[PDB]
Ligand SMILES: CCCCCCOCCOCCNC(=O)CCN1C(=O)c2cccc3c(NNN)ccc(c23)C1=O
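Here's a solo chain for you in structure tokens, the form solved without the ligand.
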């Protein structure tokens, strides 16, 4: 059975005049493990993975600005904004070296931070991550029409802001197993107020698809280029059929990325953590152990 509870004391830190919430558990010494969620989730997505890692490592899991229990300033919530606030978050906790565990838009943040801070990243575990999507044919068929509608301002905002489709529709459709009502309520909580749903709409409009938006495409291409030339230890989780990362792409990346271990979690779409948390957690913990082995 998969846990529905969120048994983590809230921690808060001031970041650029706002307050961000984060999970902070595990020993106080050693290399911390920073967990970064994406759209439309929160640190909640890591709730059943962290317990595998916390016995040996500090686990830090922030809620992105505008999401989870973090503050909700009147921003456009561009990727730029998230980058700014996450940089400031990392510096506010005085983190030096880290291991990254990243997912979805959290992966874009993680890879972009790593590229710019290569000496401070001691390993990256990732799953269903942001890469350039050259054309719409390389976006999953079943979600193609939806995300094309998301990527408009009248109808997309109607769907995502007014009707909360990303939470009620897209979110559970990103999990093979059914989310329980308790789980749904945790994911719903930060967005009960419609006006707070801005990040949920901007994020799919920031996705690097078919060359647009060009700035994001460029940035993502840059950190993928960096990732392909980096010797940093890498752990890739993938599922079938996946969403951002289909099996063929995972198979390619497992070989093209230096020093990369790949793990098949079985059936999965986007929120792999919700379909097979125990395997992901366990493999991350053991893989973390292997990072201390010289060979």
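Numbering follows the first chain given and starts at 1.
What comes next is about the form solved in complex with the ligand, which is not displayed.
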Problem - Open or blocked, once the ligand is placed by superposing site C-alphas in the entry with it bound (3+ ligand atoms within 2.4 Å of backbone or C-beta means blocked) - result: open
Practice task
Determine whether any heavy atom of residue 165 comes within 4.5 Å of a heavy atom of the ligand in the entry with it bound, and answer yes or no.
Solution key: yes
Exercise for the section: State yes or no: in the entry with it bound, is some non-hydrogen atom of residue 236 no more than 4.5 angstroms from a non-hydrogen atom of the ligand? Expected result: no
Handout entry: Proximity of residue 39 to the ligand in the entry with it bound, heavy atoms at 4.5 Å
Key = yes
Practice task
May I ask you to check whether residue 174 falls inside a 4.5 Å heavy atom distance of the ligand in the entry with it bound?
Solution key: yes
Fill in the blank from the handout: Interface check vs the ligand in the entry with it bound: of 89, 126, 111, 105, the one with a heavy atom inside 4.5 Å is 105
Practice task
Could you work out which of 265, 53, 244, 257 is the residue within 4.5 angstroms of the ligand in the entry with it bound, going by heavy atoms?
Solution key: 244
Practice task
Give a yes or no on whether every one of 4, 48 and 276 sits within 4.5 angstroms of the ligand in the entry with it bound by heavy atom.
Solution key: no
Practice task
Choose from 112-120, 213-221, 72-80, 165-173 the stretch whose residues reach within 4.5 Å of the ligand in the entry with it bound, heavy atoms counted.
Solution key: 165-173
Practice task
For the stretch 51-84, return the residues whose heavy atoms include at least one within 4.5 Å of the ligand in the entry with it bound, in the order they occur.
Solution key: none
